[PDB]
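First the structure, in the form of structure tokens, and then the observations on it.
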Amino acid sequence: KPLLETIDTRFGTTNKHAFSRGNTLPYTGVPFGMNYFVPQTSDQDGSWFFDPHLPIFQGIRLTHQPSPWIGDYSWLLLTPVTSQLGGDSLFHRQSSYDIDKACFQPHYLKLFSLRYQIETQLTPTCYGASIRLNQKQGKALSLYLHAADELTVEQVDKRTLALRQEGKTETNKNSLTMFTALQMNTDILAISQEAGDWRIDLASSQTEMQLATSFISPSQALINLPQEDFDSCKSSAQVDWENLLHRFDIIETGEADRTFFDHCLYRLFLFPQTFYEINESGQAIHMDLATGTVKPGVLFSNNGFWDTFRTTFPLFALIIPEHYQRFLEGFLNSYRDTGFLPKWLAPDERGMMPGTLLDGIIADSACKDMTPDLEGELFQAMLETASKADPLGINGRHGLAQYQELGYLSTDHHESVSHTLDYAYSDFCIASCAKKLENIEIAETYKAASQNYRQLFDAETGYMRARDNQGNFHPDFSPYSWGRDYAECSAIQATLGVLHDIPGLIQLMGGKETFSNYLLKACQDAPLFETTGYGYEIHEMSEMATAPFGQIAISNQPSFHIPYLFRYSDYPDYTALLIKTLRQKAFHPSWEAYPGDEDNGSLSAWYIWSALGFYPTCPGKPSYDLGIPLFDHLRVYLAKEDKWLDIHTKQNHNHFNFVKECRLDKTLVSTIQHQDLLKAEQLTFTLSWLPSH
Amino acid sequence: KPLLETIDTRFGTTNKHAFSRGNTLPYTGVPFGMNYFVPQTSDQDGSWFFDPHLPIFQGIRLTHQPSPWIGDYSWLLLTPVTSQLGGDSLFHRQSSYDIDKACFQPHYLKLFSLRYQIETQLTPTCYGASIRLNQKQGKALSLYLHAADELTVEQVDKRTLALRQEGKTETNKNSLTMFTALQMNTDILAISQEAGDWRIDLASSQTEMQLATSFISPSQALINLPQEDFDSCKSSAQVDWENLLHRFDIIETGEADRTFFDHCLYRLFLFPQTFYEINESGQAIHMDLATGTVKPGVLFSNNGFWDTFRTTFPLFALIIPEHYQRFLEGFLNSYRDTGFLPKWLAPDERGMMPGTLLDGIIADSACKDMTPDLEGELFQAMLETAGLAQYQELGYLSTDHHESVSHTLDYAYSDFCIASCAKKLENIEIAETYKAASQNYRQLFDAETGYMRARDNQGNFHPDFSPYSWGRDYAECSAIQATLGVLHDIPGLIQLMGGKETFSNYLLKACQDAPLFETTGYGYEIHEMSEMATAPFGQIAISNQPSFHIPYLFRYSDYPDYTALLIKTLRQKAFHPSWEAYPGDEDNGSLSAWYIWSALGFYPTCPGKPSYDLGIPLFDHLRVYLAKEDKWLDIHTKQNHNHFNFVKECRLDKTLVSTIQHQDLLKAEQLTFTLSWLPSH
Ligand SMILES: OC[C@H]1O[C@@H](O)[C@@H](O)[C@@H](O)[C@@H]1O
Ligand SMILES: OC[C@H]1O[C@@H](O)[C@@H](O)[C@@H](O)[C@@H]1O
Ligand SMILES: [Ca+2]
Ligand SMILES: [Ca+2]
């Protein structure tokens, strides 16, 4: 059985607003596809519209939802029914299905509707899908179509529909129109509207249908149609997946279960989503939603760079460099359309944060020589974005004036500590890119500004705390207090948010020993939290509090790098134990998969890096900290060198939580430099029962 | 570890409107208690307010909800919080909790609120509960109170509150008022209202609190308070449970897992719920909701007799005869208050069905000599209580009435119950008239198709028929199941279908068919359809009452050995010792009793006939206390292999039997089944 068929897209999909096990969806699609496909369980639960445990479905939803917090857009629900019987609404047409016989694979979705006795099969392409419908008793099929957008349907010929649907983007309120073409191999006997939805009656009890969408035009949607039969489309999708999955090759698992790792590989290649199309002459084009006009060039959607810069993109840099460059070209195209580097695309700008963490991808690209052709423009785009004011109020740095004046955002701004620290990291990214381009004045100014994390450190308590305009800390402080000054965490986590200058953070805290004790205390504390900053409990609090990892809130991005900070401490062996145990206890090969929000490849990439044995602690520095690998023998394709790295784990016992030694080829290492990594053939960890350093 | 502590009240509690795994709640209570206690997960999901998988809770709900279809009434949510912080609504006060460390036992509920660092413990009494709250950091406690009813709070002294809450009953719209007394061992610093709820501030970071309710009066609520400390109340609740659970004693499980059976025992003793109280002079009193005045005598709520007559009550008759009589006295008291024998009590009449299946309990009591002192009054109540015009005129309900086939068949059974009770009281004219009427199931049989079908006023069947069609003429099933709803005259049903062979083929076809259904009668899919359709049992829809007896019908067929295989495999495949426990709605002891009977090896196919059909038992050696004879029956299963699906022979003491008569059962010491690999008959 090939790997792709063993991956279950339902991992992470059991969630509610109050508690996340991944907040993923069972996305069927090609890697980075423009549309994904998922069954819809309910439309009464807002963004939480799929439940893998409930054997009910309402149809297949063509979706663009990247998270339940962002929600969906330009989505379309397709519901096969028998022409006879049925019901008078979407809800009253819902059907039980056979969960055990359903297939939930990345490239293949199969469901059997027990009410209608219809077998539905779907396989994706980038811009569309091939779908087979079969009423097993030979009764005629009909198809319902529903959207939250205003949906219009025209019959073009005996076997072809053209759909148009319209809504608005959530934050910019730009008009957003998606066109869809559907073509069947059986005649369409009638179309009509029923209570806002469309009902298409078909001549046969069986049909194969081609579907495709476009954000360009109706004729582009037709062009985007699959040209091949179901099996051929399915094989192509399999090949598209396999091309990327096979950049990792597990030679020997040892004691480890590979199931979770495999699932993470699937999650790694879903985002960002393609948001450009190819015209008749073979050129990339995209809709500029600010003007409603077509512009040349690649473009992508569905990514919050604050999530993905820290784990996902660095991993892309190792294994899919062409894709990596294409993504950066797309983000540069966003800049060319709007004047600003984007923050959270879905499909246009949705970011409410002031921080611009795409800079972390830009700086990382620079330090690893990924996109030399774009380096100049990207730098200029960062600089523009960091200094320019937006008359429309949406983009660039907020409180720039105050930040420039004071060296920090004050309590005039919400979540001022978290955002000040994000700015300080961005400043480092600009400084590094300036330096590499030999712009000395800019490098010097931004390097100095990147030290602004110092402005908020309260040496009396030992934590980062917020200041008012006059520069005073607020008198009532608790390190367990969440929100207000800190985004989805407390001072305990937020204080360690200085990726770009860990040595300086150490000096700032009073030196290596005090820093060491800070880390230990975070690991040893109970997962206490206070709701003061919010006035209610949010899922991120609940996820930490119900877990046995102290204040290491692995459920959310701010704690991702914390275990690796022991590498800079008096106890460098503690990183391995923390990682081995987190990996074993926090992640499960089941529908209740993750410790928190997966966040578009962010958390899966965290897991994968854990398995490789090293981690890009500070994107923008060409360096990796050591953790502890998972498998006896795993190969990873270092695509930039067109060669395999063999990663070996010796004495790989489950009760050995420490690394005795690590050799890059023949050389003993405690940190790995990117250049050395790329020159290496072998990476060999030897484990031990007790610490040896 | 005692049995009671191994029972997890969450079995059956994972559900949604569209799909049931029991539709139970994690009820903490004493057996047949007046109030039960459950954590509340959400108030945005209607009746589906608890989810065992979600580590969130909004407080402890004092509930009277017997099913999500009926909903709740006279309920009260109690929410411990820290006096500092908190939030501005019930929703914004919800807290995560530690699911793994929580206890969900019948007599003991423990949850740790992680947001407030408060450990809550509750143990029930019949009329109240003892509660311990402990803020583990020594921060002061407050307590919120919420209800859908209009809720009023008065502070009686430093440590005592008197609560009053009012609503109306769902169908009759009778006024419904519950009083609650709360007493703490720490001072109440303040009470106030916030956005419709009450906030009680307490002096300490921990307290033990006594709670009790009444439907009589505020002073009766105070009288109902627990008089003892937490441990003592907990021991008493344990003893109350053990007294009933120990009527079954598993000596040797063999290959079988006992976990599900044990859970079913817990479910057996929850309903009906006590709905009467004891005055200062020791007499039973109840609120008559039709008048708003107090009346003497026991009274019970939360039971739909259409569910419970067929399995639960017959089982009660064997093991808890005093309780059995008390329940019947309560139902007679309902008749005395309203003029009608009740159908679905929650807490007053909710039944939409025309059928009066409490007659099945009355007739069964008669045939087993359970309540000789009530026999005359019960008979009179049945006759009084006994649509009607047309039924009397035509011998059936026509399509003028919804679900006419199901209801006609229910009436025919009720007529048999009256006829049997008449005969036993030597009222010959009534016995004769109702015996004849009990044959009315024949009026709807269509010999062309072989199914029961509906008729219009003129007596015609509707021309377009499908046996897979659900609703309209049939309640929550198709003609395939509904046609077999003639408990009281199986031999006649057989003759009516064309004889033993044709009947046999009917049964086989039901077992062999795909679980196809058509939504025609509803216009949408309902959970009962979904449960059948997703299961591998053909048209044997074990998820719902109409199919419960179908496997046992093979006992009357050319293939009497097939019953055992159907039961053994249903029992193994349809029930799971987990939160996703049941194939369908548990229905207040109805489905659990079905399971328990399966385990004993015999079944009360027709309540009102003093007779049990044979199935196939579960354990190597199980004892059951036949309380009427004050002795144990030892049930043995020989060659009890999991791949042996048939009964080679069954001996009641020394006598070979194929059906068991109640009288013989009560005289017996031993019941011995020997299993076989292949059929032997
Ligand atoms: O209100 C804070 C919330 O913000 C949402 O957009 C998401 O980030 C949630 O994960 C988080 O709980
Ligand atoms: O309308 C049918 C529905 O009616 C409710 O009262 C319950 O009996 C459900 O089990 C059922 O699905
Ligand atoms: Ca997150
Ligand atoms: Ca039922």
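Both ligands and their constituent atoms are indexed starting at 1 by order of listing. Every chain is numbered from 1, with letters handed out A, B, ... down the list of sequences. Note that these values count all heavy atoms, side chains included, but never hydrogens, waters or copies made by symmetry.
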Contact flag B/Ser543/the Ca ion (ligand 4), N/O/S atoms, threshold under 3.0 Å: no
Metal site the Ca ion (ligand 4): N/O/S of B/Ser590 inside 3.0 Å: no
Protein non-hydrogen atom below 4.0 angstrom of atom 9 (C) of ligand 2 present: yes
Closest protein heavy atom to atom 6 (O) of ligand 2, given as residue, atom name and distance to 0.1 Å: B/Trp69 CB, 3.9 Å
Approximate separation, where rounding is to 0.5 Å, of A/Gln493 CD and A/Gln557 CD: 12.5 Å
Numbering as shown, the atoms of ligand 2 that approach B/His527 to under 4.0 Å (heavy-atom distance): 9 (C), 10 (O), 12 (O)
Name of whichever N/O/S atom of B/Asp587 is nearest to the Ca ion (ligand 4): OD2
Proximal atoms of ligand 2 relative to B/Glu528 (non-hydrogen, under 4.0 Å): 9 (C), 10 (O), 11 (C), 12 (O)
Proximity winner for atom 1 (O) of ligand 1, if only heavy atoms of A/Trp306, A/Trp482, A/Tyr534 are counted: A/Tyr534
Minimum heavy-atom distance A/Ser95-A/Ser113, with the two atoms named: OG-OG, 2.7 Å
Between OG1 on residue B/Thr14 and CG on residue B/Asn23, distance to nearest 0.5 Å: 9.0 Å
Heavy atom of protein closer than 4.0 angstrom to atom 4 (O) of ligand 2: no
Residue A/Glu488 vicinity, atoms of ligand 1 by number, heavy atom under 4.0 Å: 2 (C)
CH2 on B/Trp594 to CD1 on B/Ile542, rounded to 0.5 Å: 4.0 Å
Donor-acceptor contact below 3.5 Å, side chain B/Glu349 vs main chain B/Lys343: yes
Polar side chain donor-acceptor pair, B/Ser42 to B/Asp45, under 3.5 angstrom: yes
B/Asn302 side chain to B/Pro272 backbone, donor-acceptor under 3.5 Å: no
